[PDB]
Every structure is written in structure tokens, then in C-alpha cells.
Amino acid sequence: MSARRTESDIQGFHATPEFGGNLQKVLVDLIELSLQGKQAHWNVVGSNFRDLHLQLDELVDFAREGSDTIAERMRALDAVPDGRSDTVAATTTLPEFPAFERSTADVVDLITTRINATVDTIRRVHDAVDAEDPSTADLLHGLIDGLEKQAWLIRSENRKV
Amino acid sequence: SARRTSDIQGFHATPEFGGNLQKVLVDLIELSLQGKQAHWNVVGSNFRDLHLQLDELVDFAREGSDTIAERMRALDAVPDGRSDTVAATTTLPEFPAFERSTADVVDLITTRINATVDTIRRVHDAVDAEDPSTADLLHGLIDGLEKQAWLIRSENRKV
Amino acid sequence: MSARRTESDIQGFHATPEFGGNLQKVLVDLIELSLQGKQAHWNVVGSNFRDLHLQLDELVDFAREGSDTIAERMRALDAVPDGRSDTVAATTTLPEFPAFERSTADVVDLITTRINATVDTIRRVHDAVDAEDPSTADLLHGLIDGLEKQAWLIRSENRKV
Amino acid sequence: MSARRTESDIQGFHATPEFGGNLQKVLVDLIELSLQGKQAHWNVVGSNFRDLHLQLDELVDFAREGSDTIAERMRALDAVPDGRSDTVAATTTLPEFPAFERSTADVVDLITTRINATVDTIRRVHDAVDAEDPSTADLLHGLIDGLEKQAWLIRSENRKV
Amino acid sequence: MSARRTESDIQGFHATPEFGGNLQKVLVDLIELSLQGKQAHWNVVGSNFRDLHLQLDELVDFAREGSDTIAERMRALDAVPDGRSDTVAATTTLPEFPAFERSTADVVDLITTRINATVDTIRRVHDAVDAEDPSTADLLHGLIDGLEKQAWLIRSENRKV
Amino acid sequence: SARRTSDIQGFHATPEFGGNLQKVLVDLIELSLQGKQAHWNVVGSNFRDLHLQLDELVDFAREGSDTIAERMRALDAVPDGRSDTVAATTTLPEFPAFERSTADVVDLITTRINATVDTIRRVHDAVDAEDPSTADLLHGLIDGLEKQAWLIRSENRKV
Amino acid sequence: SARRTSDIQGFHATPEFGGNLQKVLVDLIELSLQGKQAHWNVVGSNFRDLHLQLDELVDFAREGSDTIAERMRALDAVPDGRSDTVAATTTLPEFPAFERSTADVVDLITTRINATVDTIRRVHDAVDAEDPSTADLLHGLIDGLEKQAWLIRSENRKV
Amino acid sequence: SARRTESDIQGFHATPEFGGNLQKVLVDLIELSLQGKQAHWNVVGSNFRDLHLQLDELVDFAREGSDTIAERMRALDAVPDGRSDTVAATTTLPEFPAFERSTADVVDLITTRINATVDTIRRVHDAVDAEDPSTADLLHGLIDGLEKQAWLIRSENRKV
Amino acid sequence: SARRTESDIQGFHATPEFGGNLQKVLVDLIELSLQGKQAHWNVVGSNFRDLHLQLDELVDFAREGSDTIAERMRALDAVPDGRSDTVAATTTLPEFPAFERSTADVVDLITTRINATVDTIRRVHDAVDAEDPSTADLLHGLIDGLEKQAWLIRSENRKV
Amino acid sequence: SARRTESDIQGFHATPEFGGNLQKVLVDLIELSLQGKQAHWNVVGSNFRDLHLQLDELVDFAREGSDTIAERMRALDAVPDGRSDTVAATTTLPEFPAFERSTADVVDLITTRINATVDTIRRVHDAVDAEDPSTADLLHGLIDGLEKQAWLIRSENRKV
Amino acid sequence: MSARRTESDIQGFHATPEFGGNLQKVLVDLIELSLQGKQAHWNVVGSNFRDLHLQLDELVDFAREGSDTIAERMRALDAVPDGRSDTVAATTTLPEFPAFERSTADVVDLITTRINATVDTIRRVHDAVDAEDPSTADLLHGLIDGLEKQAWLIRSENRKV
Amino acid sequence: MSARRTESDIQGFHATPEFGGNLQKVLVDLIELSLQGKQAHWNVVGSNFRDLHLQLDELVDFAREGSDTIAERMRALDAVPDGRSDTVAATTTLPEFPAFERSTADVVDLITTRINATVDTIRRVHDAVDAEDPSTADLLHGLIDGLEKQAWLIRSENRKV
Ligand SMILES: [Cl-]
Ligand SMILES: [Cl-]
Ligand SMILES: [Cl-]
Ligand SMILES: [Cl-]
Ligand SMILES: [Fe+2]
Ligand SMILES: [Fe+2]
Ligand SMILES: [Fe+2]
Ligand SMILES: [Fe+2]
Ligand SMILES: [Fe+2]
Ligand SMILES: [Fe+2]
Ligand SMILES: [Fe+2]
Ligand SMILES: [Fe+2]
Ligand SMILES: [Fe+3]
Ligand SMILES: [Fe+3]
Ligand SMILES: [Fe+3]
Ligand SMILES: [Fe+3]
Ligand SMILES: [Fe+3]
Ligand SMILES: [Fe+3]
Ligand SMILES: [Fe+3]
Ligand SMILES: [Fe+3]
Ligand SMILES: [Fe+3]
Ligand SMILES: [Fe+3]
Ligand SMILES: [Fe+3]
Ligand SMILES: [Fe+3]
Ligand SMILES: [Mg+2]
Ligand SMILES: [Mg+2]
Ligand SMILES: [Mg+2]
Ligand SMILES: [Mg+2]
């Protein structure tokens, strides 16, 4: 006749502090990447300026969408993101982007290593995230895939023969 | 050439697998129906936001039920989304009739989303073991519905 | 100021219990139709599968919009809809949809019959609705027109001439 | 050539002075509603500001399209609309909208009353319009349906249940 | 199961021969109007050519959608349309469109007359249609409203005031 | 400067050229009317595909008739697309009244498309000789209609 | 760090500034209402162009009135766009009732656009002196409306 | 096995005369675009709006056409010249008059200039067709599109 | 302070075996796209139009898939080969027959070829997943999308 | 004849002080975007959804603004710095608090931060306007757009 | 009175075997070009990577649309295309694309010559195609025009001074 | 009671001859820039061809929209533009664009200086324009901003380190 549950209060999945911290690690590197990507996008100069200028904006869009995805996933699982400038600066694992104008070739190298660093954070955190919540790991897979594609589209400028 | 030889069959789901997807399906349809009920009948403070959010929940739940039912079809299982079956087999607590306050609707719908996510989380490991590709569809459902739960329940949060 | 009314409270048109009842009847058959339409959509097999599979989704879209229209018209007029599964199952006039895979020929006949049953409810209810509120009768005309079109587009498959 | 008429001049349906008058009444209340809707849109403050601010614009859009529909229906039938400010102020049936910032709770009650007044004009006029020209009565049904929906979506904010 | 009907065959509403005949009359005049509209569209010359050239296409679009609506309403109700050239020529009530280039002033008067003739057919037929099937009468109201609007937008060109 | 001197006339078509375009025009309008007739009245196996395809044929034929009529206007010819003229001068076999089966509609409409293409192919060389630019418009019509014929007739093909 | 210390207020307009924006607002609303009146009731030679152009004028004037009213709100002023206020305080010459010829509508509407632009030009320097950002909004209004005046009045031009 | 073995295969090169023929088309299309904008701005009088709008449509077609011609030239390794001095010095179009012009006058002036542009395309047609039929198809699009514009514009002044 | 100090950080490199696994997927997706177009053109008979259209949808999914796989390979510094000779020489799909084929025959032929393509993805899945779970997620999308196409197509021939 | 004969004509160069003024605007716009996202994620309580949505609209306007300012700097050969350390070290905005915050608190906090950002633009306005009026027009768009956001947000807490 | 033809069976234009073979020649080179274009698009590396990467996808889109156009034209004229991988490999006239990564400059040269080869096929076949069916030659003109434009947009990267 | 003005004739703002001449100066340089931009767009050859080819079209679009804006502003203020080829050639201040193909690096330098020259015209004219009509100066600000952005996006190709 009926299979209906009877509780008036059914709780949702709550992330462990460890899991929250792991997604926080991903968050700050994604925001930092976005900030560095815009810096590069503004200040890149030299041969093949336009392509890099445009590709860098694609990277920024992806990293911004990613940071919102991770922060919102945290919220869904009762964890609390911190994307404030001071926290991002204090805790990001990305090497800092240099000041002033940079050459196209230099920007290609710099941004590639910074995407690599961002992806490394996600891969380092992956197995612990997957173990607690496979659905979140799928979002991580999307980030890895999208970011490694950006790294290919950007780095290929400097690859010879 | 590496070309194979002329009637290669598709992956077919075990009865148990079909049954697990059936469990997900009825709770998604029930959620969709309950969501529309809430959408129409919610009243009170912050009516508009709740009215609108609930329609988005319904869209997701309907897309989800279609995704699951069609995955069943692809793997040679047979969905049953009929009204009697859904009423008879859904695990979701019954949604009340009549007008309900926004605060009560927030609480009620959060419970019923969580019930739906619970079903998907309950079958996840057994479907993943048999067909990882289907578990990915389940992950999208878990992610999307848990997002909806957060967006809805935050209205009632204290500090 | 010349022709302005001075009432603080000007109340809206309220549906009678009979009117609310009449729209409730339309609502449950529209929802049942949507549920059966999807069942048929998923489970139809055989000759001209795709055309039928697609047409059934178009039927479902129309019935879903129809049920939302009806229910919101109820709300506008201070009536209260009930589209919950138990209610729809217990009160719909539509013949039950059979279980399992069904042939395209079978689905055509089954769905045509279910559409006609839905239209019949709207037609039975029409005059009482029109008498109380002509504006709602127009929404009923939209439903009659749209559903009878669906019936034609579906039934024509099985017509032998 | 067999069933073709041979008249050089075939004139169209012309509204009677009464019909023109009846549509004029609908027109001024629709325009007044749009003006009050915008006033409320700009000046509403307090709890749930944004929802109300947005809904009021949706109301205004519907009332503006409504007034254009009515006025052009008049023109089609050789009647002449008057939507000028002095005329609208001197002949509208709507209670005056108050000046200054108003709370969201106040705006809900005020605007619900103004919508209902507008609908009341259309409802009072309906039968005389329907008797002369059923096609125009259908446009009135669109207005009744659309405005009563607006009233429901707005008033529900203040409902305590 | 409680209120479910148990009939294998539930048939739809079937138009009487009179109803089918009445919609046939509307159909041929709509098609004739589309054909004359295009003729006028191509062959109009003189002052304010472009405005007229464009408006005539808008008229044609509406009449084409109208004829499709009518014919499909016939099909829905088990009636059979005939929109073939010989039938339209032999049975239309519209005065014949003249050959050759025609002035913008001439086209305005000619097309206004043809529109009015088309509307007259719908108006003559309306009550018999409404009596049998109110839902179809609503489609007629759409046509009356849309065509009379077209007539206004076209005739206003020649109005001297 | 290479600037010319103030009333340079446009290319004007011979009466014969206008007449040839008139021939194309009436068969395109007739096809459009016959296509709609078929669209409404077709019934039976694979109704939906045929119903939909026929509407695409009508769209093409209507766009085509407008293209030809306006080319006539551009070259100072005067189209006649009126109902009596079309009925009196079309080369297309009459389409039957009443409901027709999908199989019969496929055969009937294929014949009438082919008749329309035949007209365009019949006048092609004489229009090309006078105005190559107009023959390009004819080529688009031949291509598009012959595509329609293939898409429609394939339904009835044996093996 | 250069971070400030927790209740920094927004720029607030003087009463005079609010009043000047109020002046612009009522003339924009009046223009919108007059434009629709003209749009409906214009008849005669070149009806369609005028009918259509007048609707574009109305769109601009409505967008403009919303821009001004919301700028008032942002700067803590309170708009009054009510029918009585607009009728009582607009500087625009009354638009006549009844059908008017296209030639008369061109002249009438040009005058009333110019009246509206005149108001904005009259308050410009006093608003610019207080808040340059608001004067930019006024510039868009001057530009757009003067464009409308040109597009409308050109119909009546002699040689 | 059917594969050609040459490492570099050359594409079709246009003769310089062919390039010169397309160049004639180009300058007249650019001149027409420039005159069309002049007319679009400066037209006044009865039925102003229709003409103002129709003139912009002409300009859009003419600008798209000149891009099509110049890019066809580049495809075949010809080199277009669309610079102002070249256009002014080599266009065959009668000069457009200065100042405001009535809609009636603009209709006649622009019809003539469209007809002049079309005439250039028609004059080079056979020489272009003989060398490269694909390019002649682009000429056909231009003839068709421009003669349509001529009809749409001149119809305003037709008294029947 | 948490910032890494190395000037160049290396990204994830796929093993050559991983690249080889994705390569198997790629050739079958390309072969499937090519056979799908062959079927789309040459299908005739009852319910022609639905099949003609469904086959193009399959081709779109298969083309998008092969781009996804080839670009994932490039991301991980593998090097795809989608050239005709390689596809023909290394595809595991049964050859599609020449000439016109009936809708019934096309349904069965294409179902088999979709099933063959899916089988390749399923065969390499675990080896791909073990090295790079993110890539396995792309494999899942392909399995899901292709098996849907198989269902949508084969249903035409199902007799119940 | 009116043509200038110099082979290279220099564009307008911004003084370094001008660049510095735009830099102040930039860091506050970026800080505002970052705080806006923080608020957007962490806001809870009555009327959550409206605020959640309005905060994203603010973030979109602020991100577009910072791009506009940074690109205006580049146009005039100034060099922006939008890096996290620089933003944190040089923003004039009060720090946004950690953790979940109520909708009422978020309304007041964000209004203040919008007002701080606007104040920076208003402070540099006259110095920017004196050197380059075109840039001051961009400042006006920002003032107008941000003060609108301030009104739309703070209205939630207004008790009348 | 009537100009209507009387045959119940009117056949369509049927291509000669020679014509079918000529379009088949065009088909395989278009498919081969598409395959090579994607290979280049994936494997291009070096200065100005992105522009070439993107342009190559434009070329692929055009060649794919072209192959479908030619194959469908064949079908319209009762000819039977063969676009299978074995046939394409066995019969294409394009020099094969090399394996592995290639430099931007190398890809520009390689793809230019392969477009040149594809266009050469169409030009070689042109006159015989035109003689039998001028409408098909027009499709060939589109292919020539579109492909030679691609060749210009791609080759210009390597052109100096 | 009433604040309505009483004149039946209210004139619009009329530009001085000087102001008209100033906007004319802006106009011819914008048209010249558009003409040169297309010349460069067609004839640019070499490393990073595609980016420049595309960016040049963006510049052309902006300069075309600008020329229409200025000419229409002139018309609004009763001034009469001259954008004819002879006038543009006789009066533009831009150095002429060279003939034949030019290298990417050369085009970057050439176009940058020509944008610089166009902007210089607008800046030279600015204060006199602003003094008479601040609203027109705002349009000039848009042109300056948009053109200087183009100059940055184009020139950055040639900027080293
Ligand atoms: Cl379809
Ligand atoms: Cl919203
Ligand atoms: Cl228009
Ligand atoms: Cl790009
Ligand atoms: Fe996924
Ligand atoms: Fe997984
Ligand atoms: Fe209706
Ligand atoms: Fe009625
Ligand atoms: Fe040709
Ligand atoms: Fe200013
Ligand atoms: Fe062509
Ligand atoms: Fe501005
Ligand atoms: Fe978000
Ligand atoms: Fe589905
Ligand atoms: Fe709803
Ligand atoms: Fe209107
Ligand atoms: Fe239809
Ligand atoms: Fe047309
Ligand atoms: Fe607003
Ligand atoms: Fe271009
Ligand atoms: Fe790609
Ligand atoms: Fe940017
Ligand atoms: Fe195709
Ligand atoms: Fe313009
Ligand atoms: Mg079918
Ligand atoms: Mg809210
Ligand atoms: Mg006009
Ligand atoms: Mg590049």
C-alpha cells in the first residue's frame, strides 16, 4: 500500500571538517588563478598578443565558474567557504604572478605553471574528497578536465616542433 | 584490419539494477509533484522567491526523472512512472494539502529533497559497482538536489 | 480625483466551491495525462518509434503547462489545487495506462483514448465554468483546442484509408 | 468568380458610442494602474524589497501591453482612445496612490486594491462588450486572467496562515 | 482506480457537416486573402511604397497562420479542408484582385475591402460555430481581432483628416 | 575622375523572359497550395514525418515564389500569382481532395515536385541566355526542390 | 593595510537637485503618454512610419523616466510620477484628443520633444555642478530625444 | 594509391586582368556605400523614415558585397585597393550632391547610382565568367541583390 | 607563505599506454561518425525521415565525442591519430555495407556499430580510470550518450 | 592635402599620477567583487534568495567595472595591478567578516562596502577629469551603477 | 481553361554514371580534407597556435557541410555516395597528412596544399558537371569559393612582406 | 493647477557653423579610418595574420558606428554632414595608407598611428564641442575610449618585453 517515510525532519549530508578544508584549498587556488589570469590578460604584450589576451579571459571565466561551483558545493554540505582577498593571499599555493608587463612567451610559461599548480591542488585533494563524497569528486573531475584543456591551449604557443 | 565480426548486444542491467533506478525514479516524480503542489499553495513572507525557487526544483526533478527513466530504457530496464505506482512506492513523506506558509514550505520541501537524495545515496554504491556511467548521472542528481536544498533551507536559517 | 473610488479594501473575484471543484477535476486529469504521456514516451517501441516518442513529449509539455495554468487560475480565484500523486491516482477519470513496453500502434490507441477522456472532462465542466467566469472558460478553450490537436496528430498514425 | 462579391466598398465593423465608452473606461484604469505600478516600483522599501520591486515591473509591463491592446482595439473598430494624463487623472476609478516611500507590506495591500479596482472595471463592462463584440470580450478575458494572476502573486506576500 | 473510466475506446468531438462547411468558408477566404496580399505586396508602386510593401507581408503572414489554424481545427474535429487553387478561386467571397501594377492609394482601398470581406465571412459564421463549439469560436475571435487590426493599419494611410 | 554622367536605366527583361518566370511562379504557388493540402489531409503509417516534411516543402516553395516574383519586379516584369491565374495556368497535375494515405501522398507530392522542377528545367536555358543572375535563382530552386523530392520519395523505396 | 573603518553613507542629493530631477521626470512621463496618444490616433499619408517611430519615442521616454526616477532613489530623493502630479506640473503643451493627421502629429510631437529637451537643458548645469554622474544620464536623454525629434520632423521638411 | 605525391600543390591564380576587373566592381561598391550613407543622413521630406531605413539596408548589402569582392581577390592572390583617393579617382558613379535632398530626389539619385554599380558588374561579367565561373556566381548575387534594392527604392517615385 | 616557490611546476603526464587506450576510443568514434553519415545518406524505405534525422544526431554526438577524446589526449600530452588510413586500419567496427539500405537493415547495422563503439570504451574503462578518474568521467558521458542513441535507434525494430 | 605627413603619430599618454588614481579605483572594485561573492555564498536567513541573486548582480557589475578600469589604464599605457596581495594590502574597503551572516547584516555590510568603493571613485574624480574627461565618463558609469546597487540592496533594511 | 499535366507518374532528373563518379571524386576529397583538418587542429603546436587551431576548425566545418551537400545532391539525382573510411583512404587524391605534432608553419603549408588539392578536384570535374547539370555546378562554385577563402585565411600566416 | 507651456512652436537646439565644422572634422577622419581599416584587413600578411585580420574588422565596425553617430548628431542639431569619397580624401588628416600587401608588423604600426591621428582630431575639437553642447562631448568621450582601446589591442602585437 505505502512506502512513505514518517519523519518530519530528515537531515542532509554534512561534510566533515577535513572535507570542508579540502574544498577550501581548491577554492583559494581557483580564485588566485582567476586573479592572476586577469593580471596576465591585462599586461601581456608582444607577438601573438591577441590570442593570449582572449584565451586568458576564457581561463578566467572557467576558474570563476569553478570557484563558485566549489564554494556552493561547500554550502550545500554545510561547510563555509572563505574567498576573501586576505585569505586567498595568505593560503594560496600558486607562485605569485610578477608585476608589470610581461612578454607573450613569459605569460605562456607563467600561466601554464599556475594552472598546473591549481590542478595539482585538486589532484592532491581528490582521493580524500572521493572517499567521503563521490558526487563532489565529479565536480573535481570537471575542473581537472577544463583546466588541463586551458593549459594545453595556452602552453602550445611555446612548444617547438 | 582490426574490424570485428554482426549482432553485438548492448550492456543490460541486472533486475536489481533496474529496481534501484526504479526506486530513484519514483522519488524524483513524487518530488516534482510535491514541488508543484508547494509552488501553487505557498503563501506569506517572501512568497515570490519561494514560488520561483520551487519551480526550478521541479524543472530539475523532471529533467532528472527523464534522465533516469531513459537510462533504464538504454540498459533494457522498464520504468514505471504511473500515478498509482508513484503513490504506492515513493519513500517521500506525504506533502500536505491546502495553503502552507513559506516557513512551513521551506521545512517541508527541504525534508522531501533530503529524502530524495537519501534514496540516491542509498542505491549509489550498488549501481556504481555494476555501471560507473550510471553513477555519474546519480552524482549530477545528488549535486543538483543538494544545491536546491541549500537554496531553499537558507531562508529559515537563524544566524 | 473626480471618478476615484475611496475604499481601502477592494476584494477580488472569489470562485464558488462548485467552480473550484470543476477546475480540480480538470487539474487531476491533466496531471494524470502528463504522467501517462511520459510513461508512453519512455516505453513505446516498434515502427515509427521516434515520431511517437517526440510527439508524446510535446503532449506532455502541453499538459504540464495546462495543469499549471489551471492550478494558478484556481489560486487567482482563491481556490486551492491538489496535484499530489495519491489525489491524482484516486480521482482521475482516465483509464489506467498499462505497464511494460507497448507497441507504437498500441500507444497511439491508448494515448488517443486518454487525451479524449481529458478533453471530455473539460467539455463536461465547460458550461458551469463559463456561466460563473467567462475568462476561465477561455483557458478551457485553449486546453480543448491544444489537446484535440494532439489527439489528431497522434491518432493519424493508425488511420487506414 | 463564382461566389465573389462585386462591391467596391466593403466597410468594417464599427463600435457603437457605448462600446467605445466601455473600452475607454478600461483604458484609463489600465494606464492609471501602470502609473501607480511604477510609483510603487520606485518607492517601495523594506522587507522583501527586491521581489516586490521586480513583480511591480511585471505588473506594469502587463498593464502597458493591456492599454495598447485596448486602445488599438478601439482604433480597429473606429473608436478613439484618450490616454492623456489629464483624462486619466480625471476619469480613473482607482484610489489615488499615496506619495513618498511606502513599506513592502503597505505596497502589497495598496497595489492589490488597485489591481482589483482595474479588474472590477473590466468585469462591470464585460457583458455589454461581449453582447456587441465577442472578439473584444476575449481580449478582456486576457486582461482579467493576467491581472488577477498579478493580484495573487502580489497579495500572497501579506497572507498569514 | 476509484474514478477511472474503463472504456477501451473513448472517441473525440466530431464536427457536424454544417460546422465543417462553416470552417471551409473561413478557410477559402483566408487563403484567397493571402494570395491577394502577396499580389498586392509584389505589385504595389508609388508614394509610401515600402510601408505598404512591408504591411502587406505582415497581413499575408497572419492570413497564412490563420488558414493553417482553421484547417487544422477542421482536422482535429474530423472535418476535411480543401485549400486547393481551383476550390479557392471557385468558392471565395472576396472581390477579385486586379492585374498589373497598382498605386499605393489603390492598394490601400482594395486590400481594406478584401480584409473586410474576410472578416465578414468569419462574423457571419461566428454564432453557428460558437453554438456548436465555443473553443473554435475563440480561434475565430483571434482572426477577427488580428484582421481588423491589419485593416486599421492599412486603411489609415488613405484617411484625410 | 572616371565618373559617369544622370538617368541610367536598369536591365529590363524581354516579354518572353517575364513569361518564363511567370511559368515558374504559378507552379511554385500551386506546389505550395498542394503541399498545404497534403500537410493537412495526409493520414496513416508515418503520419508525423510526412506532415512535418510537407510543411518544409511549403516553406521552400513560398520563399521560392516570392524570390521569382520579386526578380520579375526588379527586371520590370509583372507577376500574376492570383488564384484564378494559378488554377488556369499551372502545369501541375491536380492534387486530390479528402484524406490520403502517407504512401499515396509520397507518390502524389513527388510527382508534383518533379512537375515543378520540370518547368524550371524547361525555361532554364532561355533565362540563362538572357540573364545568368536569374538562372542562379533557378538553380537554388532546382537544388532545393529536388532535395525535397528525395526526402519525400525515400519513404516509399523498396530496397 | 589601507582598509577603512563601518557605516559609510551614500551621496545624498540636495532638495533642489531632487526637485530638478522631478522636473525632468514629469516631462518624460508626459511625453510617453502623449507619444502613445499620437501613436494610436495618427492617420493619413505615411501613417505606418509615424505609427512605428512614435512607439520608439515612447520606449525611449519610458526607459528615460525609469532611469531618472531610479537615480533619484539612489541619491535618496523621492520621485512622483502619479497621474495628477504629471498633469499638474508638466511643462509640455497639451496634446490634442481625437484623430490627427500625420503632418499635424509630426509638428505637435516635435514641439513636445523639444519642450522635454528644453527642461533637461534648463536643469543640466545645476545638476552637473552637484553630481557630474547624473548629468551624463541627462546627456543620454538629450542625445536620444534630439535624435527622435530629427527622425520625426524630417517628414515635414520642405527641400 | 590515388594520393598525389607532390609536397606543394599550387592553387588557382587569377590573371592580373581578372584582378583588375574585380577592382572595378570593388570601387563602385565602396562608392555606392559611401553615397548611400550620405543619402541616409541627408534625406528629408515625405516618407523620410522608409527611405532612411531602406538606404541603410542598401549600405549593408553594398558593404558586404565589397568585402566579398575584396576577399575573393585575396583568395586568388589579387590585391584590392579600397582607399578613399583610389575610390574617388576611379569610381564610375556620378557624384552624389551635397546638402539636404528631398526623398523624391534621393530616390532618383540613388536608383541611378545602384544602376551604375550594376552596370559595372554586368560589363565585367563575361570576362570574369570565362576565367572563373565561381567568381561569376558572386557577381550574380550582387546583380540580384542590387537590382532588388533599385526596385525597392525607385518604386516610391513610380506613378501608375 | 603557502605559495610554492618553483618557477616551473609540471602538469600531469599520461603514460603512453593511457594515450594508446584513448586512441582506441578515438578511431572507433571517428569510424562511427563516418558510418553514421553513410547510413544517413543511403537509408531508404518506411520511416526514412526519422532515421535520416536520428542518424545525424548520432553523428553529431560521435563527432563531439572524438573531439573530446582527442583534446583530452592533447591535454595530457598524448598525440591522437584520426587520419583515414589509421581509422580504416585500426577500427574494431564491422564495415558498413555499400549502396542503399532499408531502414530496418540500417537500424540493425547501426545499433551493432554503436554497441561495438561502446564496447571499446567499456574495455579500456578500468585502465583509464586507474590512471586518471577525470578521463573516465568523459568515458562515462560517451557510454551514456551512445547507449541512449542505441536505444533510440533499435526501438524502431522492436516487436512487442 | 589636409593629410598629416608624420610616419608615427603618438597617442595620448596618461601621467603616472593618473595611472595611480585609476589603480585606487581598480583595487576597490576587485575587493568589492571578492567580498560580494563571499556575501553571496555565506548569506542566510529571511529573504535569502533575493539577496543571493542581488549580490551576484553586484559582483557582475564590479567585475565588468574592474575590467573597464584596467583596460582604460592599458589604453593609456598605465599598468594595472589586480593581484591578491596588492588588493589586500591597498584596498580601502573594511574587511568582510568570516562565516555565515544574516541577510539583515549582509545588507548593511555590503551597502557600506559599495559606499566605500563609490567614495574612492568620487575622491579621484576631479583629478581624473582634469587630465582626461573621457575616463571621467567611465567613472560616472561606475558611480551610477554602484549607487543603484547600494539603493537596491539597502532598501531591504529600510523601515518606513 | 486548364494547363494541367495528366501523368500520374512524372520522373525526376537522373544523373549519368559519369556524373555520379565525378561527385564521388569531390566527396572523398572533402571527407579526407575534414579528417586531415581535424588532425592538424589537434596536433598543431608553436607560434600562433590558437589562431591556426581555430581557423582549422572553421575549415573542418566547411568541408563537413560540403561533403553533406555533395552526398545529398548525389542522392537527389539517384546516385549513391560512398564516404566510408576504406573508400576515402583508397581513393582520395590528397597527399596524406603526416603523423604526430607539427609546427604552425608546417601545418600552414601542409593544409594549404591539401585545400589546393581538394579545390583542384572540383575544378577538374567542374565542366563535365556543369554540362550535365548547371544547378550542381553552382554548389561546386560555393565549395571552390569557400575553400579558396579558407586557403587564403590559413596560408597568409606564412606569406612574407 | 497647470504648468503647461503655451507655444505651438518650440524650436530645437541649433549648432553654430563652427560646431558643425568641428563634428565634420571628426566625421571624415572616422570614415577615412574605416576605409584604411578595411584596406589593412584585406592586405595584411605574415606572422599572426588572423588576429590582426579579425581585430581590424572590430576597429572598422567601431569607426563605422562612430561615423554614423557623429553624422546623425550633426543632423539632430541642424548641421549637414559630408561623408562623400572626394571630401573624405580632400580633407582627412590621416596619413594615407600605403598600397599593396603589408606585413603584420607594418600594419600594426600604420593602423596604430592612424587611430592616434583620429583620436587627436577628436581631442583637438573636444573643448569647443563641450563648451557649446556637453551631450555631444559625451559621444566624443565614447569615441576616444573605444578607439584608444582598439589602439591598445592592435599596437600590443609590436610591443617588446
Ligand atoms: Cl522531427
Ligand atoms: Cl528573481
Ligand atoms: Cl519599418
Ligand atoms: Cl578569435
Ligand atoms: Fe560528470
Ligand atoms: Fe567515478
Ligand atoms: Fe483567447
Ligand atoms: Fe465566449
Ligand atoms: Fe552559371
Ligand atoms: Fe562631463
Ligand atoms: Fe549560387
Ligand atoms: Fe556617456
Ligand atoms: Fe553563485
Ligand atoms: Fe525524453
Ligand atoms: Fe507556475
Ligand atoms: Fe501599439
Ligand atoms: Fe500546420
Ligand atoms: Fe517579399
Ligand atoms: Fe526599474
Ligand atoms: Fe571580412
Ligand atoms: Fe575542437
Ligand atoms: Fe577583458
Ligand atoms: Fe545531411
Ligand atoms: Fe544611421
Ligand atoms: Mg517517422
Ligand atoms: Mg524575496
Ligand atoms: Mg513610409
Ligand atoms: Mg594569433
Side-chain angles (χ1 to χ4, degrees), chain B residues 46-56 151 155, chain C residues 69 73 130 134-146, chain D residues 48-58 69 73 130 134-146 153 157, chain E residues 69 73 130 134-146, chain F residues 53 56 143-144 147-148 150-151 154, chain I residues 33-34 36-43 48-56 58-59 63, chain J residues 47-56 152, chain K residues 27 30-31 34 61 64 66-76 81 83 139:
Chain B
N46 202 30
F47 163 78
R48 190 182 173 269
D49 272 321
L50 263 300
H51 180 67
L52 296 167
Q53 195 57 246
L54 287 166
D55 238 20
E56 286 174 61
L151 289 171
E155 172 68 23
Chain C
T69 299
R73 187 56 181 158
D130 199 21
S135 300
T136 302
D138 281 24
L139 302 177
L140 301 189
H141 305 147
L143 297 176
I144 292 165
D145 289 336
Chain D
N48 207 25
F49 165 76
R50 186 179 175 276
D51 265 326
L52 258 303
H53 180 74
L54 295 180
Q55 196 58 240
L56 288 165
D57 248 13
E58 174 172 309
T69 299
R73 187 56 181 158
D130 199 21
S135 300
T136 302
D138 281 24
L139 302 177
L140 301 189
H141 305 147
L143 297 176
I144 292 165
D145 289 336
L153 296 170
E157 177 63 33
Chain E
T69 299
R73 187 56 181 158
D130 199 21
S135 300
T136 302
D138 281 24
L139 302 177
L140 301 189
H141 305 147
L143 297 176
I144 292 165
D145 289 336
Chain F
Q53 195 57 246
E56 286 174 61
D143 286 334
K147 182 174 173 180
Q148 287 305 116
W150 159 59
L151 289 171
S154 297
Chain I
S33 303
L34 293 170
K37 284 309 269 201
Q38 183 73 190
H40 168 82
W41 299 321
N42 288 342
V43 68
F48 162 79
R49 185 181 175 274
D50 268 325
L51 261 298
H52 181 72
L53 295 169
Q54 193 56 241
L55 293 161
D56 250 10
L58 171 65
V59 169
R63 282 167 171 176
Chain J
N47 203 26
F48 162 79
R49 185 181 175 274
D50 268 325
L51 261 298
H52 181 72
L53 295 169
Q54 193 56 241
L55 293 161
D56 250 10
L152 291 171
Chain K
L27 186 65
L30 288 172
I31 295 156
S34 296
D61 286 347
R64 286 175 173 166
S67 60
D68 192 76
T69 296
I70 294 299
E72 292 194 342
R73 187 57 184 158
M74 291 175 74
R75 301 301 298 121
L139 305 176

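Whatever order the structure lists them in is the order used to number ligands and atoms, beginning at 1. Within every chain, numbering begins at 1; the chains are lettered A, B, ... in the order of the sequence lines, protein sequences first and strands thereafter.
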(message) Once side chain to side chain donor-acceptor pair (under 3.5 Å) is applied, do any residues pair with D/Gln55, and if so which ones, sequence neighbours excluded?
(response) none
(request) Could you tell me the angle subtended at the Fe ion (ligand 23) by OE2 of K/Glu72 and OD1 of K/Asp68, rounded to 10°? (result) 100°
(request) Return the set of residues passing side chain to side chain donor-acceptor pair (under 3.5 Å) with D/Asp138 (not counting sequence neighbours), or none when no residue passes. (result) E/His141
(message) So that I can check it, does any N, O or S atom in I/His52 come closer than 2.8 Å to the Fe ion (ligand 23)?
(response) no
(message) Minimum heavy-atom separation for D/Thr136 and E/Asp145, please, with both atom names.
(response) N-OD1, 4.1 Å
(message) Looking only at side-chain N and O atoms, does I/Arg63 offer a donor or acceptor that is under 3.5 Å from a partner on I/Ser33?
(response) no
(message) Which atom name does I/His40 have for its N/O/S atom nearest to the Fe ion (ligand 23)?
(response) NE2
